[PDB]
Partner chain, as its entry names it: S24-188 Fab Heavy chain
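This document opens with one chain alone, in structure tokens, the form solved without its partner chain.
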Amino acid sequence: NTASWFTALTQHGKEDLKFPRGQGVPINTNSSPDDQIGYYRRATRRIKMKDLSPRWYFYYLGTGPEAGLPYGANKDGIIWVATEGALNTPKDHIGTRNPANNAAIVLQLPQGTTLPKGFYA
């Protein structure tokens, strides 16, 4: 169907995901500096029943479950990230991933990127 292209950051703690002003965009050698902008969206799960650590999935701006929102729109579960010189345009030339055809890229960030307590690179 539709996936985030970039695995997920797991929230082992209680604090939400947060990034300094130019940090948090997953590395993707197939993308350009213009594309480095998007959002993480939270998804939690309950599995005798137990809620599990939330997963934050990244989606480029204009794609995914919140493709309608513009950068900055305030909504719970949504946090926004951008690299300095990215353009505020929908990234339809990137879109989402079909897991049938494509495995997720293991999400890593440039060495130095600061994470909250409950998250690991």
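Positions refer to the first chain, counted from 1. Take the two forms, superpose them, and find the largest set of C-alpha atoms that agree within 1.5 Å; that set is the rigid core.
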*Line up the rigid core: which moves more in 6 other deposited structures of this protein, 96 to 104 or 109 to 117, by C-alpha RMS?*
109 to 117
*Can you say how many deposited residues have no coordinates in the span between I47 and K48, choosing none, 1 to 3, 4 to 9, or 10 or more?*
4 to 9
_Mean Cα B factor from the PDB record: higher for 98 to 106, or higher for 15 to 23?_
15 to 23
_Quick check: 78 to 86 versus 54 to 62, which has the larger average CA B-factor in the record?_
78 to 86
*Check where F119 lands among this chain's C-alpha B-factors and tell me if it's the lowest, middle or highest third.*
middle
*asked:* Ranking the modelled residues of this chain by C-alpha B-factor as given in the entry, is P33 in the lowest, middle or highest third?
replied: middle
*Where does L69 sit by CA temperature factor within its chain: lowest, middle or highest third?*
highest
